[PDB]
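Trainee: Have a look at the structure that comes next, please.
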Amino acid sequence: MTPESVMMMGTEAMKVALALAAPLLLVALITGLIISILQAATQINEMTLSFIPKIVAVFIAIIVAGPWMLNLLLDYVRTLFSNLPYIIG
Amino acid sequence: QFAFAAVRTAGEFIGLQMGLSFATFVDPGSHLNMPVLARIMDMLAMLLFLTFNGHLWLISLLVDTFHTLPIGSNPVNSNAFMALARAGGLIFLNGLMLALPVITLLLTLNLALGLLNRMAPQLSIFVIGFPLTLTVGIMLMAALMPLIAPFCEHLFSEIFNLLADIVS
Amino acid sequence: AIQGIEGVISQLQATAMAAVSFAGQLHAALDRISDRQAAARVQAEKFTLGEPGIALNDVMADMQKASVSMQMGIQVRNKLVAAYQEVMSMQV
Amino acid sequence: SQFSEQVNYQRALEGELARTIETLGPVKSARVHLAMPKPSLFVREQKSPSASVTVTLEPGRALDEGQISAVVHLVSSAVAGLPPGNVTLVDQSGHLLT
Amino acid sequence: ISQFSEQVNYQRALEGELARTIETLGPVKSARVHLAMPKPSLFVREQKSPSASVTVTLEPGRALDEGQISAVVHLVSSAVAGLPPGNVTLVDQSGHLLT
Amino acid sequence: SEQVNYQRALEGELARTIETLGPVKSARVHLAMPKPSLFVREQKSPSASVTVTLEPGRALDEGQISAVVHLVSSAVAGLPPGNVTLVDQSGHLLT
Amino acid sequence: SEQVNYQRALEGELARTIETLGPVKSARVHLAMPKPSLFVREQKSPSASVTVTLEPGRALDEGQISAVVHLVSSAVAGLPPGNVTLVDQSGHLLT
Amino acid sequence: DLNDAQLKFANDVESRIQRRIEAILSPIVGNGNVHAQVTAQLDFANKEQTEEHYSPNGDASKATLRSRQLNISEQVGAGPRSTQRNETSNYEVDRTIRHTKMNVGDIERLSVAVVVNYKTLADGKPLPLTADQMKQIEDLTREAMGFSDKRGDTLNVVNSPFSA
Amino acid sequence: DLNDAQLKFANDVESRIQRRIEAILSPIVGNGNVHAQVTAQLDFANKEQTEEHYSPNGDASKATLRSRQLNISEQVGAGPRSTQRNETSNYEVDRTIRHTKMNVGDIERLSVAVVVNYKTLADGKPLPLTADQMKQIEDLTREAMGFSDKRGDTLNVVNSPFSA
Amino acid sequence: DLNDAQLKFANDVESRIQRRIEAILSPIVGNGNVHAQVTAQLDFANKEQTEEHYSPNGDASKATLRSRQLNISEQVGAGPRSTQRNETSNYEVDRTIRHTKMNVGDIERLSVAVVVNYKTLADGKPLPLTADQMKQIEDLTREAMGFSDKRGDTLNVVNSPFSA
Amino acid sequence: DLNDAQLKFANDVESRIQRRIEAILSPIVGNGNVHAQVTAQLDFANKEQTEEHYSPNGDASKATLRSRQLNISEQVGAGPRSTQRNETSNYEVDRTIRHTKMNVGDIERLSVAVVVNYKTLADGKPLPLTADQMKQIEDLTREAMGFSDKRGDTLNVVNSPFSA
Amino acid sequence: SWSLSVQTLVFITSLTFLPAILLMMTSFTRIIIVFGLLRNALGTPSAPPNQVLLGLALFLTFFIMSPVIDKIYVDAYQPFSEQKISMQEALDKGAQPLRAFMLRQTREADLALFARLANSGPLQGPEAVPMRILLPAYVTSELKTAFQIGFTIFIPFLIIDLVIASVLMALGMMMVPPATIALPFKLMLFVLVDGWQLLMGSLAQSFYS
């Protein structure tokens, strides 16, 4: 009820969002950086060949860590809906 | 409503510096825009307004404006209307500050990306800048969330005493 | 209640320091109409009983007046309900 | 911030007023404190602003009744809607001159 | 600088200047002013009047005149929007209430 | 946090001025600033506890007790003097 | 976390001042602050437990017990004195 | 708490009455040749009172009127006389509302005990005072104490030699 | 808790009454030649009272009126006389509301025990006091204790030689 | 828990009454030549009472009125007389509401046992006291204990030589 | 659990009554020449009571009225007399509500057994006590125990030589 | 008591205000506001059709107000139907349990505000509050509680859209709408975590707590 509880609500929610999005974004960033440094080493420059492995890497990311995200988000939503009638004002 | 407008402005600008909706820079108003951060902070501001019992105050002030301005037809003033219209500045002015606590660092990040592009040409930006800046904006303003509440009370106080001063 | 009497003395102190409504009016009108109807009915039953002094003229006239008062109350209720329905139909 | 701007304006006015008050012959140094009224989140009400003026006089340089008057006028005029009667003038010994 | 911070800083600055002028007063060697500015709430009618506490240290034997106490009262009351004099307390270095 | 910090800073300054009183060697001020309740019959109000350490034998005058009360009450928005407790280093209630 | 930290800081400072009191060698304060409610009925009063260790033979006077009570009660928003328990190093309730 | 403040208030009032008595009793009887002590029954009960008074208007000379209807009929046929008088009068009356909040700490009943010494001449014989001097002391003490009969004040002044 | 505060309040009141008695009893009887102890029955019960009083208006001279209808009919034909008087009167009455909150800690009944010593002359014989001196002591103690009959105060002063 | 606090409250009250008795009984009987013990029946029952009182208005002289309708008819034809009086009166009455919360811990009944010693002269013979001295001790103890008959207080003072 | 607390409460009350009896019985009978034991029947039943009392108003002198309608008719033609009196009266009555919560742990019935020793003179013969001394012991024990007849208290004091 | 014609007239007239009782004195407002907000959250403004949600809200209100209705029936309707309590007293007797139910769920701040706006005297206990103060205080408290519940409901459905947009933006697909991708995932979430049982139980507890 108190504004401290509200702002905590937003923080924990958006940290959950950060945890959900961090693996995919970080995998894409690492793949892009690796392809870019390889291009710099080989002196190859086409703006389209960096887009190819990124999709494959990010799609594999759901294969490997997808169940973890799905279990984390469901637990968050379940706990939020269960604690809903105790943060009422 | 001006205070929630200001909060929405600050949120939309943080989100646009996230690169969340890049299609507006190329197609302004092209039916493709999602200010999701603006909505997040708008509903957070509504929750805070509910917590601080602003609506009760609104009802009380609606009652109180009678003593100041009775039902009976009374003469009226002018620049007073400007004041409400001039309150349109606040939406921008306060919005800049909320952002400031994050956009500036994001700016530095973009500056950092520029330093990377001053190296071997191409092979940067649109491939490495976007995910990094998205994650950095996310964690930055996630840490910045505790900051809005004092600014929320500041905004509500500004609107309320401006109303009290100008309605009379 | 003991606390209720405490509250009464508190309101008396409030009056000391300091030194009807539409629903009330409707309740008063309903009570008046019902009292008139009950008076007419009681006089009619007394006449039917055979008790002396009650004239058929007065019985019939009082029944007439009670019927008119009932019809007035019915019309007031009808309008009042119509006005309430009109107000509740306003779009905000 | 606007509030910061308002505080700065209040301070500057105080400074200039003290300045002119000192420039006056009998006055060696002046100190002006302004209380501008405030807004409320509810209820109408003006609070005619108020001023407190402390003067230090030159050895034995007592201020004339006319002088108190002129100090009063200047301070009152310099503050939008300052009712003279809300200006207090005091000496270095704590005597109320107004 | 937060909106709250901005206010607290304003309060501190006012306290400082008031103490300053009080000290400049001949008999006063040092002054200390504490302001309590109150809070508006949606559960009350007349907001509580602000209050002030003033502690003065006098020069050896420099007792303050009744008028000296009065003038201090006036200055402190005026410097605080809506400060009712009767809510200004003046105390010496020995703990004697002068007001 | 901003509020709690305000509380700590105020407590500190009040203790400071109290020590700056001839007979007082050190002061400790505790403030209880809470939220009130309307129409709860007898609610309550903000409260203060002041502990003073005196200089060897420097007993505080009744006036001294009164001036401490006034200062602490004024420094706290809506502090009713009667809710200020003053105690010495031996545990004697001075108020 | 912010609240729990505030509670442990208040406990610390209170123990600190209590130890300051001459006869007291060390103090330990435990606060139980309950859940607040903004409805029109739900309300509960907080409680405190104070353990003091005295200097060899330094028995606390009645007035002393009274002053400890006052200080602890004031430092906790809406703490009814009667909910402050004071105990010595031997387990005697000074309350 | 509040009881101690009330008790100190009573003590200060009693001490000041004692000092006022001593001040006038000193010049004539002498320093130390007079001792007085005062006890005060005080009023610490908060009372609030509202009083309403209406001026009587039963006499037609002081009666103020707003509207008056006087229907008079006399059908003389005492014989078959028929008198009928229907009188309706609406009055306006004087009204006085007084709201009083009694002060807390007023004095209800004051009783004062005063003792005087004897008179030791140059020889040293403790000669007692006279009736006229005793009456003068009683009057002075009554004046100093604010003696009143509505309150129920009692005063006792006796003459006796002081002990060593 | 609160009971101890009430008891300390009673002890302070009793001690101050004792000291006031001793103060006047000292100069004439002598230091140590008088001992007194006071017990006080106090009032720690919170009472709240609201009083309403109406001034009587049964006499037409003090009756205040707002509206009065007086229909009078006399059909003289005692014979076939027919008198009819229909009188309706609306009055306004004086009203006094008093709200009283009695103080907590007032004295209900005070009883005081005082003992005096004998008189040892230069020889050393413990000569008892006289009736007049005893009456003077009784009056002084009554004055000091605030003796009243409504409260139900009792006072006992006896004369006896003190032990070694 | 609370019972122990009540018991300690009773013990303190009894001890203070004992000390007050001993204080006055010491100077005349002597240190150690008097022993007293007090037991107190206390009141730990929370009682709340609201009292309403109406002043009687059956007498027309003290009756306060707001409205009065008096229809009087006399059709004289005792003969065929016909008297008819229809009287309607609305009154306003005095009202007094008293709300009382009795204090917890009051004394209900106090009984006190006092024993005194004999008198050993210079020879050493334990001479018993006299009737007058016993009556004086009884009166002093009654004063100290706050003896009252409404409470139902009992006092017993006996004289007997103390054991070694 | 709670039963043990109640039992300890009873034990403390009994021990304190025993000590109070012993305290007064010691100086005259002697240390060890008196033994007493107390048993207490206590009240651990929570009772709550609300009492309502109405003052009778059957007498017209103490009856308080708000409205009164008195229709009187007398048609004299005893002959063809016709009397008719229709009286309607609305009263306001005094009202007293008392709410009482009895204390838990009060004493219902106290019975005390006291035994005293014989008197061994310098020779050593155990001389029994006298009737007057036994009556004095009984009175002192009654005072110490708070003897009352409403409770139903019983006391028994017997004299017998103590065993070695 | 009133004549039978007057009683019938009053009964028929009072039968009109049933929607007003349901909306302003009953648990209906919070449930309907929460349902509307949730429908706004999932991105399907016409999904459970208004009639389906209205029927579910009516059944929920009937299940929630059961003890209040039972108390009214046992205390007011039963004595009135057995000719023991007059028609003008059954209403007063039955308005008390509803008043108590409205009070418990209301808030001090609203009560204080509406006690001040009426210029009424001090209300030392809740037993001195009339219906003219409790009605709008209860309404405002219910509105605020419903909006709080809905606004904490809204957060996960916006979190999903945020992460969807960020993931789409990592790969450079800046011209893909995020709402169209997020809607199936929001439906999947609301299916997985017992979307309705948890919400139903949370609302019911929110009343009985």
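Chain labels A, B, ... are given in the sequence in which chains occur in the structure tokens; within each chain residues are numbered consecutively from 1, and ligands are likewise numbered from 1 in the order shown.
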Write out as a list in words each polymer residue whose atoms come within 9 Å of residue F:36, counting only C-alpha atoms; drop sequence neighbours fewer than 3 positions from it.

Mentor: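 Skipping anything fewer than 3 positions along the chain leaves residues 43, 44, 45 and 46 of chain F.
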
Trainee: All in-order C-alpha pairs, least squares, chain F moved onto chain G. Output the fitted coordinates as a compact mmCIF listing (two decimals) with C-alpha atoms, in the first residue's frame, please.

Mentor:
# COMPACT_ATOMS: atom_id res chain seq x y z
CA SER F 1 16.56 -3.62 2.77
CA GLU F 2 16.59 0.19 3.30
CA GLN F 3 13.89 -0.14 6.01
CA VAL F 4 15.45 -3.19 7.76
CA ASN F 5 18.78 -1.27 7.85
CA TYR F 6 17.03 1.78 9.36
CA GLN F 7 15.66 -0.59 12.05
CA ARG F 8 19.13 -2.06 12.81
CA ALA F 9 20.76 1.40 13.01
CA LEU F 10 18.03 2.75 15.36
CA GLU F 11 18.12 -0.35 17.64
CA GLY F 12 21.91 0.17 17.83
CA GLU F 13 21.77 3.87 18.81
CA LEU F 14 19.06 3.24 21.43
CA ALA F 15 21.07 0.41 23.02
CA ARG F 16 24.09 2.79 22.92
CA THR F 17 22.37 5.60 24.89
CA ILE F 18 20.87 3.04 27.35
CA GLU F 19 24.39 1.65 28.11
CA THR F 20 25.64 5.28 28.52
CA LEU F 21 23.39 5.21 31.66
CA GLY F 22 25.50 4.92 34.87
CA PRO F 23 24.04 1.58 36.18
CA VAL F 24 23.89 -0.05 32.67
CA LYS F 25 26.92 -2.06 31.43
CA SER F 26 25.35 -3.20 28.13
CA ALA F 27 21.92 -2.87 26.47
CA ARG F 28 20.09 -4.82 23.75
CA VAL F 29 17.01 -3.31 21.99
CA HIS F 30 14.64 -5.25 19.72
CA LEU F 31 12.02 -3.33 17.75
CA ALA F 32 8.91 -4.84 16.15
CA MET F 33 7.77 -2.24 13.57
CA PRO F 34 4.78 -3.70 11.58
CA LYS F 35 1.70 -2.60 9.52
CA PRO F 36 -1.63 -1.84 11.28
CA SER F 37 -5.24 -2.78 10.40
CA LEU F 38 -8.27 -0.42 10.61
CA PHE F 39 -11.73 -1.62 11.77
CA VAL F 40 -10.26 -4.99 12.84
CA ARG F 41 -11.73 -4.27 16.33
CA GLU F 42 -8.62 -4.59 18.55
CA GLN F 43 -5.63 -4.26 16.17
CA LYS F 44 -2.22 -3.92 17.97
CA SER F 45 0.77 -1.49 17.67
CA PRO F 46 4.61 -1.20 17.38
CA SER F 47 6.48 -2.89 20.27
CA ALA F 48 9.94 -2.90 21.88
CA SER F 49 11.92 -5.31 24.08
CA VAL F 50 14.89 -3.91 26.02
CA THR F 51 17.36 -6.15 27.85
CA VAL F 52 19.84 -4.41 30.18
CA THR F 53 22.93 -5.82 31.88
CA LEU F 54 23.63 -3.89 35.09
CA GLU F 55 26.97 -3.19 36.80
CA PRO F 56 27.58 -5.56 39.81
CA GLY F 57 24.65 -4.69 42.13
CA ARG F 58 23.65 -1.49 40.26
CA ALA F 59 19.82 -1.89 40.62
CA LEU F 60 17.83 0.51 38.35
CA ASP F 61 15.63 3.15 40.14
CA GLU F 62 11.84 3.31 39.46
CA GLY F 63 12.65 6.65 37.81
CA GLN F 64 15.39 4.86 35.83
CA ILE F 65 12.77 2.35 34.63
CA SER F 66 10.54 5.34 33.70
CA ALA F 67 13.24 7.28 31.75
CA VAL F 68 14.29 4.16 29.76
CA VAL F 69 10.59 3.69 28.87
CA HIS F 70 10.23 7.33 27.75
CA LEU F 71 13.40 7.29 25.58
CA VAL F 72 12.56 4.00 23.79
CA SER F 73 8.90 5.04 23.23
CA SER F 74 9.86 8.46 21.77
CA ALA F 75 12.52 6.98 19.44
CA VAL F 76 9.86 4.86 17.63
CA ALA F 77 7.14 6.70 15.66
CA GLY F 78 3.86 5.98 17.51
CA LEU F 79 5.33 3.64 20.15
CA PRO F 80 2.86 3.44 23.09
CA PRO F 81 5.06 3.22 26.25
CA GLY F 82 2.90 0.34 27.53
CA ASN F 83 4.36 -1.73 24.61
CA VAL F 84 7.97 -1.30 25.91
CA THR F 85 9.25 -4.25 27.96
CA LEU F 86 12.41 -3.74 30.08
CA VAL F 87 14.21 -6.86 31.44
CA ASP F 88 17.46 -7.38 33.40
CA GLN F 89 20.32 -9.90 32.90
CA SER F 90 18.58 -12.35 35.34
CA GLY F 91 15.20 -12.26 33.51
CA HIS F 92 13.39 -9.91 35.97
CA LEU F 93 10.83 -7.71 34.24
CA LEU F 94 11.65 -4.12 35.37
CA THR F 95 8.63 -2.62 33.55

Trainee: Enumerate as a PDB file with N, CA and C atoms, in the first residue's frame all residues of stretch 33-100 of chain K assigned to strand (DSSP E or B) by DSSP on the backbone, naming them with the chain letters and numbers the document uses.

Mentor:
ATOM      1  N   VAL K  34       4.085 -18.969  67.768  1.00  0.00           N
ATOM      2  CA  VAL K  34       2.841 -18.868  67.013  1.00  0.00           C
ATOM      3  C   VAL K  34       3.061 -19.421  65.608  1.00  0.00           C
ATOM      4  N   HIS K  35       2.119 -20.245  65.147  1.00  0.00           N
ATOM      5  CA  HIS K  35       2.110 -20.788  63.795  1.00  0.00           C
ATOM      6  C   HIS K  35       0.712 -20.636  63.216  1.00  0.00           C
ATOM      7  N   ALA K  36       0.632 -20.170  61.970  1.00  0.00           N
ATOM      8  CA  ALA K  36      -0.639 -19.992  61.283  1.00  0.00           C
ATOM      9  C   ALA K  36      -0.511 -20.439  59.836  1.00  0.00           C
ATOM     10  N   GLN K  37      -1.595 -20.990  59.293  1.00  0.00           N
ATOM     11  CA  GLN K  37      -1.677 -21.368  57.888  1.00  0.00           C
ATOM     12  C   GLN K  37      -3.015 -20.913  57.326  1.00  0.00           C
ATOM     13  N   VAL K  38      -3.006 -20.475  56.071  1.00  0.00           N
ATOM     14  CA  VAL K  38      -4.164 -19.865  55.429  1.00  0.00           C
ATOM     15  C   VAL K  38      -4.491 -20.661  54.174  1.00  0.00           C
ATOM     16  N   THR K  39      -5.778 -20.917  53.953  1.00  0.00           N
ATOM     17  CA  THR K  39      -6.280 -21.440  52.689  1.00  0.00           C
ATOM     18  C   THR K  39      -7.305 -20.460  52.131  1.00  0.00           C
ATOM     19  N   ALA K  40      -7.307 -20.290  50.812  1.00  0.00           N
ATOM     20  CA  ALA K  40      -8.135 -19.278  50.157  1.00  0.00           C
ATOM     21  C   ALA K  40      -8.944 -19.924  49.038  1.00  0.00           C
ATOM     22  N   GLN K  41     -10.259 -19.725  49.079  1.00  0.00           N
ATOM     23  CA  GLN K  41     -11.123 -20.083  47.960  1.00  0.00           C
ATOM     24  C   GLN K  41     -11.286 -18.864  47.063  1.00  0.00           C
ATOM     25  N   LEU K  42     -10.751 -18.941  45.850  1.00  0.00           N
ATOM     26  CA  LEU K  42     -10.624 -17.789  44.974  1.00  0.00           C
ATOM     27  C   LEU K  42     -11.668 -17.834  43.864  1.00  0.00           C
ATOM     28  N   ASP K  43     -11.707 -16.759  43.082  1.00  0.00           N
ATOM     29  CA  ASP K  43     -12.688 -16.563  42.019  1.00  0.00           C
ATOM     30  C   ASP K  43     -11.954 -16.354  40.701  1.00  0.00           C
ATOM     31  N   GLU K  48     -19.362 -10.722  33.486  1.00  0.00           N
ATOM     32  CA  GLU K  48     -19.682  -9.421  32.920  1.00  0.00           C
ATOM     33  C   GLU K  48     -21.151  -9.137  33.184  1.00  0.00           C
ATOM     34  N   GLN K  49     -21.447  -7.933  33.667  1.00  0.00           N
ATOM     35  CA  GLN K  49     -22.804  -7.617  34.091  1.00  0.00           C
ATOM     36  C   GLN K  49     -23.169  -6.203  33.663  1.00  0.00           C
ATOM     37  N   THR K  50     -24.393  -6.052  33.156  1.00  0.00           N
ATOM     38  CA  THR K  50     -24.953  -4.755  32.789  1.00  0.00           C
ATOM     39  C   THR K  50     -26.255  -4.577  33.557  1.00  0.00           C
ATOM     40  N   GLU K  51     -26.370  -3.473  34.293  1.00  0.00           N
ATOM     41  CA  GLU K  51     -27.514  -3.220  35.163  1.00  0.00           C
ATOM     42  C   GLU K  51     -28.244  -1.973  34.686  1.00  0.00           C
ATOM     43  N   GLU K  52     -29.564  -2.073  34.564  1.00  0.00           N
ATOM     44  CA  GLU K  52     -30.419  -0.954  34.190  1.00  0.00           C
ATOM     45  C   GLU K  52     -31.442  -0.716  35.291  1.00  0.00           C
ATOM     46  N   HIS K  53     -31.571   0.538  35.721  1.00  0.00           N
ATOM     47  CA  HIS K  53     -32.477   0.907  36.801  1.00  0.00           C
ATOM     48  C   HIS K  53     -33.346   2.070  36.351  1.00  0.00           C
ATOM     49  N   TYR K  54     -34.651   1.952  36.569  1.00  0.00           N
ATOM     50  CA  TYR K  54     -35.608   3.010  36.278  1.00  0.00           C
ATOM     51  C   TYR K  54     -36.200   3.531  37.580  1.00  0.00           C
ATOM     52  N   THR K  64     -42.147  13.088  35.701  1.00  0.00           N
ATOM     53  CA  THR K  64     -41.720  14.060  34.706  1.00  0.00           C
ATOM     54  C   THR K  64     -42.481  13.841  33.405  1.00  0.00           C
ATOM     55  N   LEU K  65     -43.027  14.924  32.855  1.00  0.00           N
ATOM     56  CA  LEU K  65     -43.918  14.846  31.706  1.00  0.00           C
ATOM     57  C   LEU K  65     -43.373  15.652  30.535  1.00  0.00           C
ATOM     58  N   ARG K  66     -43.620  15.138  29.331  1.00  0.00           N
ATOM     59  CA  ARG K  66     -43.351  15.856  28.091  1.00  0.00           C
ATOM     60  C   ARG K  66     -44.602  16.384  27.407  1.00  0.00           C
ATOM     61  N   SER K  67     -45.668  15.589  27.351  1.00  0.00           N
ATOM     62  CA  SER K  67     -46.909  16.017  26.723  1.00  0.00           C
ATOM     63  C   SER K  67     -48.069  15.394  27.479  1.00  0.00           C
ATOM     64  N   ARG K  68     -49.147  16.164  27.611  1.00  0.00           N
ATOM     65  CA  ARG K  68     -50.295  15.733  28.395  1.00  0.00           C
ATOM     66  C   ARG K  68     -51.559  16.290  27.761  1.00  0.00           C
ATOM     67  N   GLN K  69     -52.506  15.408  27.458  1.00  0.00           N
ATOM     68  CA  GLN K  69     -53.796  15.790  26.897  1.00  0.00           C
ATOM     69  C   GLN K  69     -54.889  15.348  27.860  1.00  0.00           C
ATOM     70  N   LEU K  70     -55.675  16.307  28.343  1.00  0.00           N
ATOM     71  CA  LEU K  70     -56.716  16.065  29.338  1.00  0.00           C
ATOM     72  C   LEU K  70     -58.033  16.621  28.802  1.00  0.00           C
ATOM     73  N   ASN K  71     -58.864  15.740  28.248  1.00  0.00           N
ATOM     74  CA  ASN K  71     -60.188  16.123  27.771  1.00  0.00           C
ATOM     75  C   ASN K  71     -61.209  15.802  28.855  1.00  0.00           C
ATOM     76  N   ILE K  72     -61.929  16.822  29.316  1.00  0.00           N
ATOM     77  CA  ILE K  72     -62.901  16.684  30.393  1.00  0.00           C
ATOM     78  C   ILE K  72     -64.255  17.164  29.892  1.00  0.00           C
ATOM     79  N   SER K  73     -65.286  16.352  30.122  1.00  0.00           N
ATOM     80  CA  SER K  73     -66.639  16.689  29.699  1.00  0.00           C
ATOM     81  C   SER K  73     -67.614  16.330  30.808  1.00  0.00           C
ATOM     82  N   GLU K  74     -68.541  17.242  31.101  1.00  0.00           N
ATOM     83  CA  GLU K  74     -69.567  17.025  32.123  1.00  0.00           C
ATOM     84  C   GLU K  74     -70.875  17.609  31.600  1.00  0.00           C
ATOM     85  N   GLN K  75     -71.771  16.738  31.143  1.00  0.00           N
ATOM     86  CA  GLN K  75     -73.073  17.145  30.615  1.00  0.00           C
ATOM     87  C   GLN K  75     -74.132  16.797  31.656  1.00  0.00           C
ATOM     88  N   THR K  83     -70.304  12.136  32.819  1.00  0.00           N
ATOM     89  CA  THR K  83     -68.924  12.567  32.971  1.00  0.00           C
ATOM     90  C   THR K  83     -68.003  11.735  32.082  1.00  0.00           C
ATOM     91  N   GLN K  84     -67.028  12.410  31.477  1.00  0.00           N
ATOM     92  CA  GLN K  84     -66.100  11.749  30.563  1.00  0.00           C
ATOM     93  C   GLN K  84     -64.747  12.435  30.679  1.00  0.00           C
ATOM     94  N   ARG K  85     -63.712  11.663  31.005  1.00  0.00           N
ATOM     95  CA  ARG K  85     -62.354  12.176  31.161  1.00  0.00           C
ATOM     96  C   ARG K  85     -61.403  11.289  30.366  1.00  0.00           C
ATOM     97  N   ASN K  86     -60.798  11.854  29.325  1.00  0.00           N
ATOM     98  CA  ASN K  86     -59.812  11.161  28.497  1.00  0.00           C
ATOM     99  C   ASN K  86     -58.453  11.797  28.766  1.00  0.00           C
ATOM    100  N   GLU K  87     -57.566  11.043  29.402  1.00  0.00           N
ATOM    101  CA  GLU K  87     -56.258  11.537  29.813  1.00  0.00           C
ATOM    102  C   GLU K  87     -55.163  10.727  29.135  1.00  0.00           C
ATOM    103  N   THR K  88     -54.242  11.421  28.469  1.00  0.00           N
ATOM    104  CA  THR K  88     -53.082  10.810  27.833  1.00  0.00           C
ATOM    105  C   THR K  88     -51.835  11.534  28.316  1.00  0.00           C
ATOM    106  N   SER K  89     -50.856  10.774  28.806  1.00  0.00           N
ATOM    107  CA  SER K  89     -49.653  11.340  29.403  1.00  0.00           C
ATOM    108  C   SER K  89     -48.430  10.616  28.860  1.00  0.00           C
ATOM    109  N   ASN K  90     -47.425  11.381  28.439  1.00  0.00           N
ATOM    110  CA  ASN K  90     -46.136  10.841  28.025  1.00  0.00           C
ATOM    111  C   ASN K  90     -45.082  11.276  29.036  1.00  0.00           C
ATOM    112  N   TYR K  91     -44.340  10.314  29.571  1.00  0.00           N
ATOM    113  CA  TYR K  91     -43.402  10.565  30.651  1.00  0.00           C
ATOM    114  C   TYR K  91     -41.958  10.415  30.180  1.00  0.00           C
ATOM    115  N   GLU K  92     -41.059  11.078  30.906  1.00  0.00           N
ATOM    116  CA  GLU K  92     -39.619  10.882  30.783  1.00  0.00           C
ATOM    117  C   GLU K  92     -39.100  10.381  32.121  1.00  0.00           C
ATOM    118  N   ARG K  95     -32.804   7.162  34.252  1.00  0.00           N
ATOM    119  CA  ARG K  95     -32.216   5.929  33.746  1.00  0.00           C
ATOM    120  C   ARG K  95     -30.758   5.863  34.176  1.00  0.00           C
ATOM    121  N   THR K  96     -30.341   4.689  34.644  1.00  0.00           N
ATOM    122  CA  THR K  96     -28.975   4.477  35.126  1.00  0.00           C
ATOM    123  C   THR K  96     -28.487   3.132  34.593  1.00  0.00           C
ATOM    124  N   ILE K  97     -27.521   3.172  33.681  1.00  0.00           N
ATOM    125  CA  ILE K  97     -26.898   1.961  33.156  1.00  0.00           C
ATOM    126  C   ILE K  97     -25.535   1.792  33.811  1.00  0.00           C
ATOM    127  N   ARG K  98     -25.327   0.650  34.456  1.00  0.00           N
ATOM    128  CA  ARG K  98     -24.045   0.320  35.059  1.00  0.00           C
ATOM    129  C   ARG K  98     -23.482  -0.935  34.408  1.00  0.00           C
ATOM    130  N   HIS K  99     -22.256  -0.827  33.905  1.00  0.00           N
ATOM    131  CA  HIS K  99     -21.547  -1.937  33.289  1.00  0.00           C
ATOM    132  C   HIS K  99     -20.369  -2.322  34.171  1.00  0.00           C
ATOM    133  N   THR K 100     -20.337  -3.584  34.595  1.00  0.00           N
ATOM    134  CA  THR K 100     -19.355  -4.041  35.573  1.00  0.00           C
ATOM    135  C   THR K 100     -18.651  -5.282  35.050  1.00  0.00           C
TER     136      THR K 100
END

Trainee: Under the rule that only C-alpha atoms are counted, which of B:115, B:58, B:99, B:127 is the nearest residue to chain L?

Mentor: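 Residue with the minimum atom-to-atom distance to chain L: B:127.
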
Trainee: Let's see if you can do this: from backbone DSSP, list all alpha helix (DSSP H) residues in chain E, as an MDAnalysis selection string.

Mentor: chainID E and resid 3:24 66:79

Trainee: Please determine the contact residues of chain L with respect to chain C at a cut-off of 12 Å, counting only C-alpha atoms, and supply them as a ChimeraX atom specification.

Mentor: /L:1-17,19-20,88,120-129
